[PDB]
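Asker: As you go down the protein sequences, you meet chains G and B in turn.
To convert a position in the first sequence, counted from 1, into PDB author numbering, add 494.
To convert a position in the second sequence, counted from 1, into PDB author numbering, add 297.
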Amino acid sequence: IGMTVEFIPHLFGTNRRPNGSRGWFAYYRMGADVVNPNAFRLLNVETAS
Amino acid sequence: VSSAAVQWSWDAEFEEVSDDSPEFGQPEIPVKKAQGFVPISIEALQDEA
């Protein structure tokens with residue numbers, strides 16, 4: 495899903511009563527990985543010691 | 298049915314609001330009975346006009 499922005503109309507305080515504020519909630523989902531690690535070549539420079 | 302008025306307050310930013318449930322009451326009115334009685338003799342009822 496793409497960027498979705500939700501607007502919370504009422505936030506609550508410690509005693510579960512309104513404290514006079516609002517909110518803006520946003521999220522999205524995604525995932526990725528490599529299928530064939532033989533189609534690339536990475537160059538690594540070991541600067542160890 | 299009788300009631301009071303809601304009690305507001307002055308509050309800062311991001312302050313949980315107090316509880317202000319109003320209180321109700323109930324007036325009562327009973328109904329009573331009054332009576333009068335006038336007895337007349339049969340002779341008088343026949344004779345007087």
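Cβ atoms here follow ideal geometry from the backbone N, Cα and C, with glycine treated the same way.
For the candidate residues B:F311, B:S299, B:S318, B:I337, whose alpha-carbon lies nearest to that of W305 (chain B)?
Answerer: Of B:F311, B:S299, B:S318, B:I337, the residue nearest in Cα terms is B:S318.
Asker: Round the Cβ separation of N513 (chain G) and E312 (chain B) to the nearest angstrom and send it over; I've been treating them as touching at under 8 Å.
Answerer: So it is a contact: roughly 6 Å between Cβ atoms.
Asker: What residue from B:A309, B:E310, B:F321, B:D308 has the CA that sits closest to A302 (chain B)'s CA?
Answerer: Checked all of B:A309, B:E310, B:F321, B:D308; the closest Cα to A302 (chain B) is B:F321.
Asker: Could you tell me which uninterrupted beta strand (DSSP E) segments, each at least 3 residues in length, are contained entirely in the region 501-529 of chain G, listed from first to last along the chain?
Answerer: DSSP runs (the beta strand (DSSP E)) wholly in the region 501-529 of chain G: 519-521.
Asker: Three or more C-beta pairs closer than 8 Å, one from the region 331-338 of chain B and one from the region 516-528 of chain G: is that the case here?
Answerer: No, because fewer than three Cβ pairs between the region 331-338 of chain B and the region 516-528 of chain G fall closer than 8 Å, the two stretches do not touch.
Asker: Against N513 (chain G), what residues of chain B qualify as contacts under a CB-to-CB distance less than 8 Å, listed in chain order?
Answerer: Correct list: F311, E312, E313, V314.
Asker: What separation, rounded to the nearest whole angstrom, lies between the Cα atoms of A542 (chain G) and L536 (chain G)?
Answerer: Cα-Cα distance, rounded: 18 Å.
Asker: Please name the residues in the region 500-512 of chain G whose beta-carbon is closer than 7 Å to at least one beta-carbon of chain B, in chain order.
Answerer: Those would be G507, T508, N509, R511, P512, in chain order.
Asker: Between the C-alpha atoms of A520 (chain G) and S300 (chain B), what's the straight-line distance to the nearest angstrom?
Answerer: Between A520 (chain G) and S300 (chain B), the C-alpha separation is close to 45 Å.
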